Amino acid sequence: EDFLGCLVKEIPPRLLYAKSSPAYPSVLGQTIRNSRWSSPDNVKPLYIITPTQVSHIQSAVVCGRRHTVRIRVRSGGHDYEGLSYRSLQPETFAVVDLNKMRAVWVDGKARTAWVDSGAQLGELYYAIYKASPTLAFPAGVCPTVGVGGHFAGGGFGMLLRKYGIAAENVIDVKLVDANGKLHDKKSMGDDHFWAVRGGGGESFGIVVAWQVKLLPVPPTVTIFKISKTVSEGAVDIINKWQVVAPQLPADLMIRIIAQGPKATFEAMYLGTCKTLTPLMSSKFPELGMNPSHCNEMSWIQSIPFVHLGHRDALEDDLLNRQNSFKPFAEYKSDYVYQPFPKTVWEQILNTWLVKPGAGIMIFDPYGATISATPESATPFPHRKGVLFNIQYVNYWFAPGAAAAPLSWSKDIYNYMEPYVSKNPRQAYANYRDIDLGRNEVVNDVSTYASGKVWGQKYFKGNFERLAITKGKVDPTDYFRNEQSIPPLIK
């Protein structure tokens, strides 16, 4: 009652939603991306606040502290476990939903931009394009992902070999801390500014906006998508890829998608077909690339082309808030440091990807710029020595059909254990997976020991620094979820 009373005192009431508000179901659902988490059995927020100004965010946080109601912040809603808008067990929380805070102000000459956290990646990319056809920003492949959660968790895409992760191309932030105080890099200090850029969402406060550096790209880039079935030699070709791809020049990234006994090699090359063709013949002739495979286009056009295979619908693909795609979805991830034996590739392609409920596997090669950053330089630790990341993606489209895909996801993770990183088994924070472990709360504070179990998987040797920083900026564990950094205090 009095939390709401506090809010109503400080924030326009049209931006406040209670469970009985006519628009509450629509507002809650607008950026839910996973049909597992939209159904009525999920724990729902007591209130939703949709700020349009930073002062609204500050007021909400102050009210939450005064009245001990915790807040889960949502930007784009893509959290794989829905932790921006649901809790796992019954509890009281509000959602602060930033979708109305979505401005992207580009300074083309300075090669910087201020990007509100509620902007989607496609809007960031498009605004850069409206300023220049030869500037880019290295973030993810999915246009509807929110800036806020993506940057907080690191963020990587088809420019990761050239420029690293999104969070390491952030030069300032505007942030509201657990006390409602507005911060930037200077006021935050080294530890807090280190942590917020890749240490995971929620834990380190609400980032309102991010200042980014913009990076040059050639006026023409080249994409190819070359598939090989097992009959066409996929096993031998992927067995070569895993050694070659992380060693290729920074201008060339060749990822793989597999969803049966066939691998699709998807490349983005910062250059022309004319130079790509001989590069491929020299470094990876086994793929059989020739100029007919080239698709030359602008960098901005590569975003819909890579993700959707579209060539012709730039605005529709990048400026999309309809939320039409809502699979039931499960996700896992791994990091690989040692090449798989050929027999493991055989099993993956011929056996694991031909099972009931089998998902898709996406393999992103590292090396080059992402791997040149030291493991501790940012919270994202998956750097030197990484050959590739694996994402295991399971989509399905019927309620009551979760058993088979969920079992497959668990079973393949067990199969892969001997071949991927260990001690700890590394995972990417933005590919959130609650089965890696969850927090225990004691005396209303997430415990350090429970956080460490999953935290070392996402953050390796950076976990303790994250937790000490958490203890300094939020000792009472105000901004938390089931898998957020616990405070480590004296």
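Position 1 is the first residue in the sequence shown; the rest follow in order.
Highest mean C-alpha temperature factor of the two stretches 186-194 and 214-222, which is it? That would be 214-222.
Quick check: 411-419 versus 115-123, which has the larger average CA B-factor in the record? Between 115-123 and 411-419, it is 411-419.
According to the Cα B-factor stored in this entry, which of the following is highest: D79, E232, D316, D334? Result of the comparison over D79, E232, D316, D334: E232.
Return the residue from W105, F151, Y395, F156 that has the highest Cα B-factor in the entry. In the PDB entry, the greatest C-alpha B-factor among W105, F151, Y395, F156 is found at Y395.
What third of the chain, by the recorded C-alpha B-factor, contains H293? Highest third - that is where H293 ends up once the chain's C-alpha B-factors are sorted.
Could you look up the Cα B-factor of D364 in the entry and say which third of the chain it sits in: lowest, middle or highest? According to the entry, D364 has a C-alpha B-factor in the chain's middle third.
Compared with the other modelled residues in the chain, in which third is the CA B-factor of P374? For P374, the deposited C-alpha B-factor lands in the middle third.
Looking at the C-alpha B-factor of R425, is it in the lowest, middle or highest third of its chain? It belongs to the middle third of the chain when residues are ordered by C-alpha B-factor.
Based on the entry's values, in what third of the chain does the Cα temperature factor of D41 lie: lowest, middle or highest? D41: CA B-factor falls in the highest third of its chain.
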